[PDB]
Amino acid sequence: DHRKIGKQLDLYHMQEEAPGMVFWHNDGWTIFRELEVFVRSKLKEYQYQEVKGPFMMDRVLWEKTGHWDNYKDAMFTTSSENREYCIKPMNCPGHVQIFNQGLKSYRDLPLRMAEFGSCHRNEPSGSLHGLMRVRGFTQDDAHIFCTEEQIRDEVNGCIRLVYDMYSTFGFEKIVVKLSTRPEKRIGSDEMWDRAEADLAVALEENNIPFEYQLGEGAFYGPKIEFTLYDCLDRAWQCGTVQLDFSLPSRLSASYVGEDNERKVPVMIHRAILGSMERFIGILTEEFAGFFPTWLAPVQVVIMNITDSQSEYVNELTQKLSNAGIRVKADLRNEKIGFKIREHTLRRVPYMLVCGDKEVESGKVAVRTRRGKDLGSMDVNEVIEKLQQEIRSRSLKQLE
């Protein structure tokens, strides 16, 4: 269970003073930040912008989207100077405002606009569960503005990017669902027939078996849902592709087409990891806290046996820190066996131990959180191989 592992590894905490809100401690914020770096490596490759929308906008804008009439109960509101404001439950409206700045043509499409966008949703407190269902979360979110003609390739690109990103983490059970029109929605039936059909088609062309969830899509679009399973095999919506012919209309999005007329862009919404919070929860149970090195909060701990090797440990720690390895020295006045056990429990991938023979040889005794003892290794060989394991984001280790 991530909530117990999350306690043990000092990843995050939660309190009653903020229900469904995460306090990311150093170590879990490091995992979060590493998933950001990972996501942006993939954004760049698939050519996305990255923006940041504000945290609140006038409730008039949310009335415009139908979010007011279709989603009122889920939204936090505040106010200033007789004006009411919604804290954003979603990033899409604010990407649309960004898109509406500057005249756009068919030559700007597809325009792929991402954001690590902090959403707040007034989820019933009875529904809240760990990191999986929270009131405040950051989606690895994006809206793609495109033509009707570009839908197929754009939705296929989102699907590809889900299986690409997920293979880094080695998930066995990825169950896909198509969530179709809810009772309370925007857009005509015809728009919903086209959007439901385009996503089912996308799934069949990508060879993805899927199950309907009838009535379960958003008010503004049907969803492809990439469903991951926690250690009690509960199903959690993670990766998410939706198709929307209504929102950009409602927010006066337009572009100048080839024929030189005003057209309304189609909008694809996706989140690949879903939310960082839920994805981290899933990974934590997926790995049972044994995060791959690239994700591990602390990758290496260097311990002296006695005071005598402490300066060697500090030099080595600096040297690894400079190679870009998340390393800590543990120079505490404790028995080595007590320090090894501490960091093993914290699931530090590599423990380097320095006695006088390590000092004399300029080597280091290496062991893992799995209890593997790799013996004495050249220091530059330890750095070189760690950087290989980190750069390639390897699923498992030096053995």
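Note that residue numbering follows the sequence shown and begins at 1.
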| query | finding |
| --- | --- |
| Residue stretch of maximal mean CA temperature factor, 306-314 vs 175-183 | 306-314 |
| Between the two ranges 62-70 and 47-55, the one averaging a larger CA B factor in the entry | 62-70 |
| Highest-ranked of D140, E277, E154, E258 once sorted by CA temperature factor in the record | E258 |
| Peak C-alpha temperature factor (PDB record), options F226, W192, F210, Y85 | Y85 |
| Where the record places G28 (Cα B-factor, split into thirds across the chain) | lowest |
| Cα B factor band for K328 (lowest, middle or highest third within the chain) | middle |
| CA B-factor placement of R341, once the chain's modelled residues are sorted into thirds | middle |
| CA B-factor ranking of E286, expressed as a third of its chain | middle |
| Cα B factor band for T77 (lowest, middle or highest third within the chain) | middle |
